[PDB]
Amino acid sequence: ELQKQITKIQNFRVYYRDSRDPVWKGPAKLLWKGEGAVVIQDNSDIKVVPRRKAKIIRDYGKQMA
Amino acid sequence: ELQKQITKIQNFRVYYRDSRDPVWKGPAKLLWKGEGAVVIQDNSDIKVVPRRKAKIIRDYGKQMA
Amino acid sequence: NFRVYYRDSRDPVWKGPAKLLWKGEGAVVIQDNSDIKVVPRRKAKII
Amino acid sequence: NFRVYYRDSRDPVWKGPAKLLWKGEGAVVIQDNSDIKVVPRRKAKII
Amino acid sequence: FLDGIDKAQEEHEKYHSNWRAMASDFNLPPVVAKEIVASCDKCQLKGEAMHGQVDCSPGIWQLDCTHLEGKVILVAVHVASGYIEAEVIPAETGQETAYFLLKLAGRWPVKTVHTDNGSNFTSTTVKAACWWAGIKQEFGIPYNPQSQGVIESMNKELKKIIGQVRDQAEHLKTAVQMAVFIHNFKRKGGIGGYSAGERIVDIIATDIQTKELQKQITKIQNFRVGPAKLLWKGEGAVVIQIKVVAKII
Amino acid sequence: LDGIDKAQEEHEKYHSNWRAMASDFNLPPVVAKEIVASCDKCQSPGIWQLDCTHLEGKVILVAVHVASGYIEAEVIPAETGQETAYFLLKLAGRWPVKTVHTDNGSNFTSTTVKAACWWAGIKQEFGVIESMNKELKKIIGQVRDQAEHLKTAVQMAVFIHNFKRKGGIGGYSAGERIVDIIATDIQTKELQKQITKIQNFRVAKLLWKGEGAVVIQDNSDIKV
Amino acid sequence: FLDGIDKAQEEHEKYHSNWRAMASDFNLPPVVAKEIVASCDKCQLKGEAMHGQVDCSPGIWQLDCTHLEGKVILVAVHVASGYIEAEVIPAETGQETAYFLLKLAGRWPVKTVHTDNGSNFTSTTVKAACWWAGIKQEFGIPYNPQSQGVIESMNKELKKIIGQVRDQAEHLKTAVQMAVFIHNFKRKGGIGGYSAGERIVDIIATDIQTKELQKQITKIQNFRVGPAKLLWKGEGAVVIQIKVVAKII
Amino acid sequence: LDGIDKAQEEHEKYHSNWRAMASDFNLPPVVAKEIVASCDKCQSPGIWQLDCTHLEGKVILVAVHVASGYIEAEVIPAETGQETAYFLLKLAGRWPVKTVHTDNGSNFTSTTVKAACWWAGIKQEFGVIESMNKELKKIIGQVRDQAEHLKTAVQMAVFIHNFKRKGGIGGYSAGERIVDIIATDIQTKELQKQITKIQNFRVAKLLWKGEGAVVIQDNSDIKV
DNA sequence: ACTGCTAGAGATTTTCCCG
DNA sequence: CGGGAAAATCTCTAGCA
DNA sequence: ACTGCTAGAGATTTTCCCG
DNA sequence: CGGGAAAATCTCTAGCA
Ligand SMILES: O=C(NCc1c(F)cc(F)cc1F)c1cn2c(c(O)c1=O)C(=O)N1[C@H]3CC[C@H](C3)O[C@@H]1C2
Ligand SMILES: O=C(NCc1c(F)cc(F)cc1F)c1cn2c(c(O)c1=O)C(=O)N1[C@H]3CC[C@H](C3)O[C@@H]1C2
Ligand SMILES: [Mg+2]
Ligand SMILES: [Mg+2]
Ligand SMILES: [Mg+2]
Ligand SMILES: [Mg+2]
Ligand SMILES: [Zn+2]
Ligand SMILES: [Zn+2]
Ligand SMILES: [Zn+2]
Ligand SMILES: [Zn+2]
């Protein structure tokens, strides 16, 4: 159904950045992907990162676990 | 005698730096001043700083206390 | 109301003041002497 | 024994290897092809 | 102490002393001295000590012309992955940049190109190529190369790799293509331990997959949480259309 | 964990590939790969095809990704070995090229192309290219009017073929198809790396070491 | 996996891939791949990511010639305090630098001058002036201006202040002296909230006072703490001749 | 603290300056300054002297710090107002010059020197300079042989006078004397700033606010 | 209304592996 | 749990010209 | 065997002042 | 002790050419 698809879209990792921190934050869990914003979960914190500030990848090092 | 002179030389402040930290550490208390080294007390830590790494001043803002 | 003092193009001198029309993160859009310019926030000071 | 690869004077190319004669904080003294040079540690890599 | 304010004004008109000197010399609170400095136009000579952040969407590229051995190398980078495409062009004309850019847009899904204000990129020829291929043209601040900090950086790396393979090739174009190969497939490290090619493939495949997944998700979920839209329902939070707030329907 | 023997039974009756048994049962890909590799019933992405087409008196190198149809064309000034080697080096730097199929032309068997393939690590081996030369020529004839030179018309045709012509099974374009194929290829290579990394270890073949529970293959029976 | 080591060697001879690419592609531990990279001369192209620290003794000065409006400004800075002395010189000859430096050494207690390798400072004329005045000549690494990072920085500031007072003076030398005045006495802030003049006075007076104080202290204290010398006896530590160690005599 | 009334008694009998009562009794300088300022019995560093000397047909501007003898000389090409203003601006930028004493020469009363003094904030007011011109001329005559031009000989004489000739009370040089005098001047200015900063406060004149114990002057009796 | 970054060299903190 | 070793993260720099 | 720094603009942590 | 405000410290950048 749709729960499998929600788990699938949560299987993706997001490397984001804040407005004034120049270093790339860790691989947050992608909860929702919009046209201009991206909802992530990083360290049990739900953030809304602009689309221009996020690199969303499915790290193919997922072939280990 | 000499205890007054030791207190006098301890009344001086030293702004030093470590070998790989580019920021100037706070005003340690000067315990001893040699030709090549300078013994300081910073945060209850007795350090031996090279002479080339220390700016020793008697901060004339000592006219407050 | 804000004043903006900026650095325009390969010119070491600073100009201003200029009216702040828009402030984004990274750059600003200002209006100086009926000319609209876009200056990075590294090359602009806002009062 | 060490190898030093350095950048000499306004020359973007890197040279080496060179024998490390002295390592201070900030700069090193090396010997390359019977010529002794003094290079900052920003412009030198030691193996 | 407002007479001290007048004296400090009249002395700053001469020496342009900073706020600390005027606060010490005329017994002024730091606010008053800072305002005396902030009212002088001649003392505003330093900008904000920060840096912006370039756009790193999965569809934006950054292009720049570099020079090596008296030849022009037009380079493009995928800002989100570091995947580079470089070509030795016969001239820095816009008619060659339009060809390079149309070729690139045919190879990869280019949605936006960010360039400096070089005549090559500012021309009507590159403007027509972008309109045809459907690309959006973005230009940085004039004479602010930090706006293109990605591609400029890649320039360096590209040249670096060329210096390591310049003697394996007889011509400069062959060495440039060797450097592109080495960067895209023989140098790993980054946000996934990837190479630039693996990373661009991951980025684009992920974009497509997540777009289709979300298009299928929103088509099923119909829950109003004012009457907003449910974006994601969690154990301790509820996202609406975007804040992280409930009366879910 | 609790789905290992279950997936073994499904593969006993349905014989699903490891990619299905992995994501459907939360199994690490190594475990599902050993499940599919322990059966008797169950025991490309880098192949390109090059050719030269002649149009308007110009020579066009056309390279097709046989697995996805993703085309890549370039109007070259001469049908010589140097320009073929340049095209091949460009392509190999752009995409993960592992094998090239050519029609035994004079410009494909030259020493320069051989050296380029040796450098880029390409295997040179001497039906799809014909059909896609026909399709590319049709698209060029369609969009020839919008171009002043033939090279830009060829690039426009390549753009239209790779990103505007959708078809196939699910209605995807050639670009989406090639990026998906290369993504699955990357997954396959990473899984092969993970499998080779733990074949040296003896525990009883090791398959996965999680939090504190190792996955073992003992007597060809997977035992967590 | 030592055959993987041979394959990685033979492939690094071609692509010069970094250690992570060779560790991923050939199943090599990070140490082996890093050693394969570290054995290639062509891959050593980056230096240590650090910075030195200039000598800031109370007797060392840093000198540099800057240029403004087609004229040469010879500037000197007290590295420990930021006290500057600048002069518009008719030429960049060493015969003028020797005069400036002898004048400075006559004004202040100059023990060491640190300069770049400009012909002005490298000459026999400045070498004789330093030998007479008893100054020690130190030269930075050739073409490494960071060794003079203090004075170069001051150059900037000096020019900056000149731009704020250029219209108050009719000549450039008057504006340079105005800038020296403003820097030394009208700009506060630093390690004491001082100006550069107050700071140099504090530095030098403190040097003299502490030298005499220590000369009087060591003349009285005679205590051996091997048989070292007692430098300072504390409640929880004892300094000897220099470590922070007892059997004090 | 416990030494306030004690120091009051010492100043009643010995009348030590505030610098003595401060460091000898651990008193804040404001408290000792109010102690010395509350007595009936007890109720320069920026003065320079300029002149022009003529030697070997050259003109030499000589500026003496009257408080310490620290000399500063410069061979100028002409005895005009412009070069005098330049010398004065140089000096004022180098040292804290507050007052200049001149011999009412044609080059000291010119409008340019007046403008330079107005800009640098110097007060121009129209015995030591004569003796130290004599001493500087003697040193120049001593070291004239070691110089090819007169300007370098003058600078050598200035060096020798400021750092090689030691005398006076404690055997210090002119440079040590001027740096000590300017240091005490800085201490005086900082103490005056501290005194002006807390004369606005009424508690009973405030004198010092330490950890949680304020120092007060009530009915002209200091009360902590 | 737009915007520094990237990869490498050391240093330092975190994690894993055996007892 | 106690370290040792190794991997992961942090810090910082040059060139892009 | 010698060596980036300095001052200013914001941001953020620390301290003080009244209840 | 509880904040608000203010001072002190931290972070980061350009120019030095
Ligand atoms: O300074 C440059 N690089 C070095 C550098 C950097 F990369 C990044 C930084 F943060 C700082 C840097 F110092 C640089 C300068 N220009 C151009 C470049 O591409 C370029 O890289 C360019 O093309 N134009 C055209 C557009 C108008 C005309 C022609 O002047 C500009 C000048
Ligand atoms: O690059 C310079 N400044 C800018 C800068 C800086 F200040 C500090 C940095 F960390 C980085 C910088 F980019 C600079 C270059 N040179 C000289 C300078 O004084 C000077 O400041 C100089 O005098 N010589 C002579 C000695 C041999 C000849 C003549 O070449 C050098 C070249
Ligand atoms: Mg450019
Ligand atoms: Mg560029
Ligand atoms: Mg110089
Ligand atoms: Mg310089
Ligand atoms: Zn001002
Ligand atoms: Zn099977
Ligand atoms: Zn190599
Ligand atoms: Zn009295």
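Rules used throughout
- Residues numbered from 1 in each chain as written, not as in the entry; some residues may be left out.
- Chains lettered and ligands numbered in written order.
- Heavy atoms only, no water.
- Residues with missing side-chain atoms left out of burial classes, pairs and counts.
- Near = heavy atom within 4 Å.
- Polar contact = N/O pair within 3.5 Å; in protein donor to acceptor, adjacent residues only side chain to side chain.
- Areas by Shrake-Rupley, 256 points an atom, 1.4 Å probe, with all protein chains shown as cover.
- Contact = heavy atoms within 4.5 Å.
- Buried area = accessible area lost by both parts, 1.4 Å probe.
- Salt bridge = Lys/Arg side-chain N within 4 Å of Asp/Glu carboxyl O.
- Nonpolar A, V, L, I, M, F, W, Y, C, P; charged D, E, K, R; others polar.
- Donors = N, O, S within 2.8 Å, 3.2 Å for Na, K, Ca; no water.
- Tetrahedral: all angles 85-135°; square planar, octahedral: opposite > 155°, others 65-115°.
- Buried < 20%, exposed > 50% of the residue type's maximum accessible area, 1.4 Å probe, protein only.
- Helix = DSSP H or I, 4+ residues; strand = E, 2+ residues; numbered from the N terminus.
- Expected span 1.5 Å × (residues − 1).
- Pairing = 2+ DSSP bridges.
- Axes fitted to C-alpha atoms, helices over the stretch in contact; angles between N-to-C directions.
- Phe/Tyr/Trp six-rings, centres within 6.5 Å; stacked < 30°, edge-to-face > 60°.
- 1 Å grid on protein atoms, 1.4 Å probe; cavity = no way out; pocket = protein on both sides within 12 Å on 5 of 7 lines; lining within 4 Å.
- Points joined across faces, edges and corners; volume = space filled by probe spheres on them.
- Parallel < 35°, antiparallel > 145°, perpendicular 65-115°, else oblique.
- Left-handed = near helix turned anticlockwise from the far one by under 90°.

Method of determination, as annotated in the archive: cryo-EM, at 2.9 Å resolution.

Looking at this structure, how should I read the site of ligand 2?
Residue and element names in this part refer to chain G. Surveying the vicinity of ligand 2 reveals the residues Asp64, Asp116, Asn117, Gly118, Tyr143, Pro145, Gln146 and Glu152. Within the contact set of ligand 2, an oxygen atom lies 2.9 Å away from a side-chain nitrogen or oxygen of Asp64. One of the side-chain N or O atoms of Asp116 is found 3.3 Å from an oxygen atom in ligand 2. Taken by itself ligand 2 offers 610 Å² of open surface, and the protein chains cover 50% of this.

Please explain the interface of chain D and chain G as it appears in this structure.
Interfaces are often sized by the accessible area lost when the parts come together. Across the boundary between the two partners, chain D contributes 17 residues, which contact 17 residues of chain G. Together, the buried faces of chain D and chain G total about 1600 Å²; carbon and sulfur atoms form 51% of this surface. The largest per-residue losses of area from chain D upon contact with chain G belong to D:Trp14, D:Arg41 and D:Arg42, which jointly make up 36% of the total buried on that side. Where chain D touches chain G, the interface holds one salt bridge. Measuring nitrogen to oxygen at the nearest pair gives 2.6 Å for the salt bridge that ties G:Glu48 to D:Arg41. Where chain D packs against chain G, one counts eight residue pairs in polar contact.

Whenever I open this one, the site of ligand 1 confuses me. Can you help?
All names here are of chain E. As a structural note, the neighbourhood of ligand 1 is formed by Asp64, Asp116, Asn117, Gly118, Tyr143, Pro145, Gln146 and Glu152. Side-chain polar atom of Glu152 to an oxygen atom of ligand 1: 2.5 Å apart, as the coordinates give it. With the chains in place, 49% of the 600 Å² that ligand 1 exposes on its own is no longer accessible. Looking at the shell around ligand 1 residue by residue, the class counts come to two nonpolar, three polar and three charged.

How should the coordination of the zinc ion (ligand 8) be read in this particular structure?
Geometry sets the ideal angles at a metal, namely 109.5 degrees for four tetrahedral donors and 90 or 180 degrees for six octahedral donors. Residue and element names in this part refer to chain F. The zinc ion (ligand 8) binds to the protein through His11 (NE2), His15 (ND1), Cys39 (SG) and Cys42 (SG); the donor distances cover 2.0 to 2.3 Å. Of note is the zinc ion (ligand 8), whose four donor atoms meet at the metal with angles of 83 to 130 degrees in an arrangement that counts as irregular. Given the relative accessible area of 10%, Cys39 is considered buried.

Is there a simple way to explain helix α4 (residues 81–94) of chain H in this structure?
Side chains of residues three or four places apart in an α-helix project in the same direction, reflecting 3.6 residues per turn. The end-to-end C-alpha distance of α4(H), which contains 14 residues, comes to 20 Å, matching closely the 20 Å that a straight helix rising 1.5 Å per residue would cover. Extensive coverage of α4(H) is indicated by the burial of 12 of its 14 residues.

I tried to follow the interface of chain A and chain E on my own but got confused; where do I start?
The partner chain E presents 34 residues to the 35 residues of chain A that form the contact. Where the side of chain A that touches chain E is concerned, the elements lending two or more residues are α1 (3–10), β2 (27–33), β3 (37–42), β4 (45–50) and β5 (54–57) of chain A. At five residues, the largest contribution of residues to the side of chain A that touches chain E is made by α1(A).

Is there a simple way to explain the protein's contact with DNA strand J in this structure?
Looking at DNA strand J, there are 13 residues lining it, with D:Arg7, D:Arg42, E:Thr66, G:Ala49 and G:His51 nearest. Here, DNA strand J places atoms within 4 Å of the protein, and 85% of those atoms are sugar or phosphate. A distance of 3.0 Å separates a base oxygen of DNA strand J from a polar atom in the side chain of G:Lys46. Among the elements that take part in the surface near DNA strand J, helix α7 (residues 149–165) of chain E stands out by supplying five residues, more than any other. Classifying every residue of the surface near DNA strand J gives three nonpolar, four polar and six charged.

Could you clarify how one ought to interpret the coordination of the zinc ion (ligand 10) in this entry?
Residues and elements named next belong to chain H. For the zinc ion (ligand 10), the full set of protein donor atoms is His11 (NE2), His15 (ND1), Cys39 (SG) and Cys42 (SG), and the range of their distances to it is 2.0 to 2.3 Å. Classification of the site at the zinc ion (ligand 10) rests on its four donor atoms, whose angles at the metal span 83 to 130 degrees, yielding the label irregular. In primary sequence terms, the donor set of the zinc ion (ligand 10) follows H-x3-H-x23-C-x2-C.

It is not clear to me how the sheet that holds strand β10 (residues 221–223) of chain H should be interpreted in this structure. Could you clarify?
All names here are of chain H. Read across the sheet, three strands follow the order β8-β9-β10 without closing on themselves; strand pairing throughout is antiparallel. Bordering the open sheet on either side are β8 (205–209) and β10, each of which pairs with just one other strand. Averaged over all pairs of adjacent strands, the angle between strand axes in this sheet comes to 20 degrees, irrespective of strand direction. Bridge analysis of β8 against strand β9 (residues 214–218) gives four bridges, and the strand direction is antiparallel. Within β9, the residue paired with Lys209 across the bridge is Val214. Helix-sheet contacts for helix α3 (residues 29–37) involve β8 and β9, and the interaxial angle to β8 is about 145 degrees.

Just to check I follow, could you spell out the packing of aromatic side chains for this structure?
Describing an aromatic ring pair means giving the distance of the ring centres and the angle of the ring planes. Tallied over the entire structure, the rule returns 24 aromatic pairs over all chains. With centroids separated by 5.2 Å and ring planes inclined at 55 degrees, the aromatic side chains of E:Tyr15 and G:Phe181 adopt a geometry described as tilted. Placement of E:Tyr15 in helix α1 (residues 2–15) and of G:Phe181 in helix α8 (residues 172–185) is noted, with the two residues assigned to different chains. Take E:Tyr15 and G:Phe181: they sit in the same class, and that class is buried. With centroids separated by 6.2 Å and ring planes inclined at 50 degrees, the aromatic side chains of E:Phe181 and E:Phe185 adopt a geometry described as tilted. Of this pair, E:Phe181 and E:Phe185 are both found in helix α8 (residues 172–185), four residues apart, which corresponds to roughly one turn of the helix.

I keep staring at the pattern of salt bridges and nothing clicks. Help me out?
Here the idea is simple: oppositely charged side chains can pair when their charged atoms come close. The final tally for this structure, using the stated rule, is 48 salt bridges over all chains. As a salt-bridge pair, A:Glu35 and E:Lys211 come within 3.2 Å of each other at their nearest N and O atoms. Highlighted residues: A:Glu35 in the loop between β2 and β3 and E:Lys211 in helix α9 (residues 196–220), drawn from two different chains. Exposure remark for E:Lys211: the relative accessible area of 38% places this residue in the partly exposed category. Note that F:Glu74 is salt-bridged to E:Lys103, the shortest N-O span being 2.8 Å. Taken together, the residues span two chains, with F:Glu74 in strand β3 (residues 71–76) and E:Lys103 in helix α4 (residues 94–107). Given a relative accessible area of 13%, F:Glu74 falls into the buried group. Three or more residues are tied together by salt bridges with common partners; here these are A:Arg20, C:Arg41 and E:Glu48.

So what exactly am I meant to see when it comes to the environment of G:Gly193 here?
Positionally, G:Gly193 belongs in the loop between α8 and α9 (196–220). Distance from G:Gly193 to G:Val75, taken between C-alpha atoms, is 23 Å for residues 118 residues apart in sequence.

It is not clear to me how empty space enclosed by the protein should be interpreted in this structure. Could you clarify?
Here the idea is plain: a probe the size of a water molecule rolls over the atoms and shows the empty space left. Residue and element names in this part refer to chain H. By volume, the second largest cavity is sized at about 70 Å³. In this structure, the second largest cavity is lined by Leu1, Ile4, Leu27, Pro28, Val31, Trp208, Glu211, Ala213, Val215 and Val224. The class makeup of the residues in the lining of the second largest cavity is nine nonpolar, no polar and one charged.

Looking at this structure, I do not really get the protein's contact with DNA strand L. What am I missing?
Inspection of the region around DNA strand L gives 13 residues, with C:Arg7, C:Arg42, E:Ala49, E:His51 and G:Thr66 positioned closest. Between DNA strand L and E:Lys46, the relevant distance is 3.0 Å, taken from a base oxygen to a side-chain nitrogen or oxygen of the residue. Taking E:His51, its side chain carries an N or O atom lying 3.3 Å from a sugar or linking oxygen of DNA strand L. Per-element tally for the surface near DNA strand L: the top contributor is helix α7 (residues 149–165) of chain G, with five residues. Partitioned by chemical class, the residues of the surface near DNA strand L number three nonpolar, four polar and six charged.

Is there a simple way to explain unusual backbone geometry in this structure?
Keep in mind that most residues, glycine aside, have a negative phi and that most peptide bonds are trans. The omega torsion of the bond from C:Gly16 to C:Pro17 falls at 0 degrees, within 30 degrees of zero and hence cis. Looking at the secondary structure, you find C:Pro17 in strand β2 (residues 15–23). You will see that F:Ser220, though not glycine, has its phi angle at about 60 degrees, which is positive. Considering the arrangement of structural elements, one finds F:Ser220 in the loop between β9 (214–218) and β10 (221–223).

I would appreciate a short explanation of the packing of α9(G) against helix α8 (residues 174–197) of chain H in the present structure.
The relative placement of two packed helices is expressed as an angle between their axes plus a distance between the axes. Where α9(G) meets α8(H), the closest approach of the two axes is 9 Å, and the angle between their N-to-C directions is 120 degrees. Between α9(G) and α8(H), the angle is such that the two are oblique. Judged by the twist between their axes, the crossing of α9(G) over α8(H) is left-handed. Two secondary-structure elements touch here, α9(G) through G:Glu198, G:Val201, G:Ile204, G:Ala205, G:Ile208 and G:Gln209 and α8(H) through H:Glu176, H:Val179, H:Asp180, H:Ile182, H:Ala183 and H:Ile186. Of the residues that constitute the contact of α9(G) with α8(H), the class distribution is eight nonpolar, one polar and three charged.

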